[PDB]
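Just the one chain here, the form deposited without this ligand, laid out as structure tokens.
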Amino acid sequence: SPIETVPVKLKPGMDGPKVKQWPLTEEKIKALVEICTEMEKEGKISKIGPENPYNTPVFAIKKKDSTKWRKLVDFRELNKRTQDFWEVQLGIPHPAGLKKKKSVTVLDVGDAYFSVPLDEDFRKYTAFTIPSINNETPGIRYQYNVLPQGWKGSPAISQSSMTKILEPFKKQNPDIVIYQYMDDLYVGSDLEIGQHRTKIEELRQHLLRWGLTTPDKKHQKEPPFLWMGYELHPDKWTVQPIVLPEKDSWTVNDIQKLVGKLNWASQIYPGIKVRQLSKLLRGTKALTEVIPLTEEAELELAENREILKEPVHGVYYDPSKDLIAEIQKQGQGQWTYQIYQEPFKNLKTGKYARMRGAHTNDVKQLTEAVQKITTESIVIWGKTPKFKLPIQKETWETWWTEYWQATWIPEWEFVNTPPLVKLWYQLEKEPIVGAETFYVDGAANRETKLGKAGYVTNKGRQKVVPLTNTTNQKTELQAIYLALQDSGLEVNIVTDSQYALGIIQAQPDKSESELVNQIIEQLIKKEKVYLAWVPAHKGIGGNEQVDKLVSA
């Protein structure tokens, strides 16, 4: 009651919920009345008259082999009609972001929401009805006085109220650290065990005065202290192996919880994949929807399961030392990294997978990994780590000074741990004196898909090859490939293909396209290659002669 209420509104233009109550049995109904009578004595709900035109379906379900009836109100419709709220959390605290504290205590404040009052003018929209047996008396009408379980704003409103409550206490004890994540309140300090317990007493009493009660007569168990899934020890933290459900048919509720757990585990474990499994589940119905797992969703589930079978250990953050990030190339567009302050004492270890795309190269990927690590580090520690990278300072210099895009990597040092990232080929800036000049071109008929690719050189060397089931773009790359195969170690190549030039100027070292890959393999074998572009159909010659041979 002392807690101030948050004003809530329905979305503009919308009216309250008016869903019909499904008929129930004498037993379920008999239990619902028993449950609601107790809730009404607690002030959680209040009996209303027949004026209120709103209604939300109410169900009752007993527990599994641990028999008892429990009320279940489906606020699905009301949630669709409630305003949006600020979500105070989707950013999950990482255990390595915590600083070491002498004493710690984890208080759970899960039912706190059921103790927070609901805006008086919004209560009418939470009305529900306990059906009458035999349909002989009017159904019993109730409405909520506190944040209902399952309502859209309960999570955000309860967390907000909790913050306001703790502010004064935090203000009087600036040396104590209090963190909230869902039902867990982490409280840490550098006070001797004796005085710590004392401060905890005060905090608990403080929460009580506002109508919020912590589970009493309880102290979880001895070290470590479990906080939001983390096992916190004096100088190290641990996450136990995560056991994922093993089952036949997957429902959309089981799946949303799986993805939620995986999301949480993602920043702790390396290589967790939740994209495939999460391309489904939109047309929602939780507790009763069976969605078949797709072949790729099963493969990823299997892989995730294997990764989550190992424990994860790490140390805490020491603000007095540098943050260091080391990265290694694992192949297959995969990279691993470790962040630490003291060698072999890792704060966080992870993995970065190559972003989708037709073409790519190791330098671009290493750069992407560095940015990702930088951002993740700023989130957890508020600063950028110093990097140890498997690329020579000279290689990097050659790369960024010649690359057509602006690029940069923060303070780093070369670390020699093979395989090293390097530049596989480097095109010339000017034409090569004494090197044969190949004028290339290709063309295709879009109706028949038949094409030709070829070249003519200054030494009279020539070639035209007939192709089938191809395109203008493919024949243009084919002509370039032909010139590379038939020339010496040094070669000048003239093309009018803007497409081919765009691919090559992007400097790929690997591609999805087998044709580009063959070209790359050929470029790697050359000593010097100068690629020149010219406008098509402009009477240039060489280009014009080969263009003719490749048409018709």
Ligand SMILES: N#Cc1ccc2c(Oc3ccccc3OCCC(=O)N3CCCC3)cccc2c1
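Start at 1 and count along the sequence shown; that's the residue number.
Although it is not shown, the form deposited with this ligand bound is what the next lines describe.
Within 2.4 Å of backbone or C-beta atoms of the shown chain, at least 3 atoms of this ligand land once it is superimposed from its position in the deposited bound form; the pocket counts as blocked.
In the deposited bound form, no heavy atom of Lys199 sits within 4.5 Å of this ligand. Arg461 falls outside the set of residues with a heavy atom inside 4.5 Å of this ligand in the deposited bound form. Contact between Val187 and this ligand in the deposited bound form is found at the 4.5 Å heavy atom cutoff. Remark: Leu118 does not count among the residues lining this ligand in the deposited bound form, judged by a heavy atom distance of 4.5 Å or less. Annotated contacts: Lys30, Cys36 and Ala60 are all free of this ligand in the deposited bound form [non-hydrogen atom within 4.5 angstroms]. The partner is absent here, but in the deposited bound form a heavy atom of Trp227, alone among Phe122, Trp250, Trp227, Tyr352, sits within 4.5 Å of this ligand. Just one of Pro245, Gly271, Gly139, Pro234 comes within 4.5 Å of this ligand in the deposited bound form, counting any heavy atom, and that one is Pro234.
Residues of 290-325 placing a heavy atom within 4.5 Å of this ligand in the deposited bound form: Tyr316 alone.
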